[PDB]
Amino acid sequence: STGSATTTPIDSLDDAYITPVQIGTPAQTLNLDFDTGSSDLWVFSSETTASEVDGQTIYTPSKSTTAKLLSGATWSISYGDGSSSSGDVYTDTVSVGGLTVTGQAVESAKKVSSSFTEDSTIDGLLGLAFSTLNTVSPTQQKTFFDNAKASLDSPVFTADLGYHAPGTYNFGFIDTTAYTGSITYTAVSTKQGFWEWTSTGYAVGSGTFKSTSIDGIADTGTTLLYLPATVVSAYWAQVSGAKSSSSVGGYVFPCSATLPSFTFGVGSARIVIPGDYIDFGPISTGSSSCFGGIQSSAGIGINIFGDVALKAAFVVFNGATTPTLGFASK
């Protein structure tokens, strides 16, 4: 089997991407944030505290003839941005882009933190990291990909995120029309539950490439590119007036600037992030200070190849017995 679904930016900045997902019988379609940095499929629901729902579409298990309470199971997750959610668990039929999994754990939110309530466009998350990170207790549950894997034509999914445009998540096949050149594959460590890999270096603009190992995670659920402070300082030093602002929470730059590109290494290959992808717009409405899309990972404890980096590439998440990641230009 295969599936193919379009993923759409939630706003003009590509702060996140939503993909329609069919849950239950008859189908209830919710727009979920596909997150290769976590491993829970959770949704706003008929059980979510009413004051914490503000425009989201909810899953109502009592209206699904295939829903079943997973008796005794609870979940609770906290994300790197400080947001969180928790609740109980149903199993139900879940389909993405024509690919169907029966018996998928659908984690129904009883509580969500304010940033989830405040984002009316995201109806929940669909985790695509390794199932070892799934938070369901006392019986840990499998991700949608893990459940689908054996049925797929090939045990892979691909992320093709757009810059200020829709893109695609494919399951079970690699669309050879969706990228240019060849795909370079690189080793993955699953020891922390992430799609963790080692970039071979970077360049700023037209500058020379610096060969240096940068361990980090491929995380579709993180907006920005978070790298070591040395690398990030070298980037922003090429932008007149750019500075790290403790009050804003990272590097800002004059909105009048033209940003340089940023290149990262994948083995001997190179992925180029155009400068425009690094512009996250005014820090507050009408400000001439703009927020940077490359930020320091110092204090986060891990480097994160988030959407800013991933959207510059066609990315293969290879879930073969020994997982690997593939990157191609596009």
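Residues numbered from 1 in each chain as written, not as in the entry; some residues may be left out. Heavy atoms only, no water. Residues with missing side-chain atoms left out of burial classes, pairs and counts.

Determination of this PDB entry was carried out by X-ray crystallography to a resolution of 1.13 Å, according to the record.

Per the PDB entry, the chain is named Endothiapepsin, and its organism is Cryphonectria parasitica. One UniProt comment on the chain, placed under Sequence similarities, says "Belongs to the peptidase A1 family." (UniProt positions renumbered as here; feature names shortened; annotations may be inferred.)

Draft legend 1. Structural detail: the sheet that holds strand β16 (residues 250–254). Across the sheet, 4 strands lie side by side as β15-β16-β20-β19; this open sheet has antiparallel pairing. At either end of the open sheet lies a strand with only one pairing partner, and these are β15 (243–245) and β19 (279–282). Averaged over all adjacent pairs, the angle separating strand axes in this sheet is 40°, with direction ignored. Here 3 bridges tie β16 to strand β20 (residues 289–292), and the two strands are oriented antiparallel to one another. In the sheet register, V252 faces β20, and the bridge partner there is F291. (Pairing = 2+ DSSP bridges. Helix = DSSP H or I, 4+ residues; strand = E, 2+ residues; numbered from the N terminus. Axes fitted to C-alpha atoms, helices over the stretch in contact; angles between N-to-C directions.)

Draft legend 2. Summary view of the pattern of salt bridges. Throughout the structure, instances matching the rule amount to 2 salt bridges. Its salt-bridge partner being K311, residue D14 comes within 2.9 Å of it at the nearest N-O pair. Pair noted here: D14 is in the loop between β1 (3–9) and β2 (17–23) and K311 is in the loop between α4 (307–310) and β23 (314–318), with a separation of 297 residues, a long-range link. For the pair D14 and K311, one class covers both residues: buried. Where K330 meets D160, a salt bridge forms, and the shortest distance between an N and an O atom there is 2.8 Å. Taken together, the residues span a long stretch of sequence, with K330 in the segment after β24 (324–328) and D160 in strand β9 (residues 156–160) at a distance of 170 residues. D160 gets classed as buried once you look at its relative accessible area, which sits at 16%. (Salt bridge = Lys/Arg side-chain N within 4 Å of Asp/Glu carboxyl O. Buried < 20%, exposed > 50% of the residue type's maximum accessible area, 1.4 Å probe, protein only.)

Draft legend 3. Quick peek at the state of the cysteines. As enumerated under the stated definition, the model contains 1 disulfide in all. In this model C255 forms its disulfide with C290; the gap between the sulfur atoms is 2.0 Å. Taking the sign of the S-S torsion, 105° for the link of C255 and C290, the bridge is right-handed. Note that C255 is positioned in the loop between β16 and β17 (262–266) and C290 in strand β20, a separation of 35 residues in sequence. Note on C255: relative accessible area 28%, which makes it partly exposed. Judged by relative accessible area, which is 3%, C290 ranks as buried. (Disulfide = S-S within 2.5 Å.)

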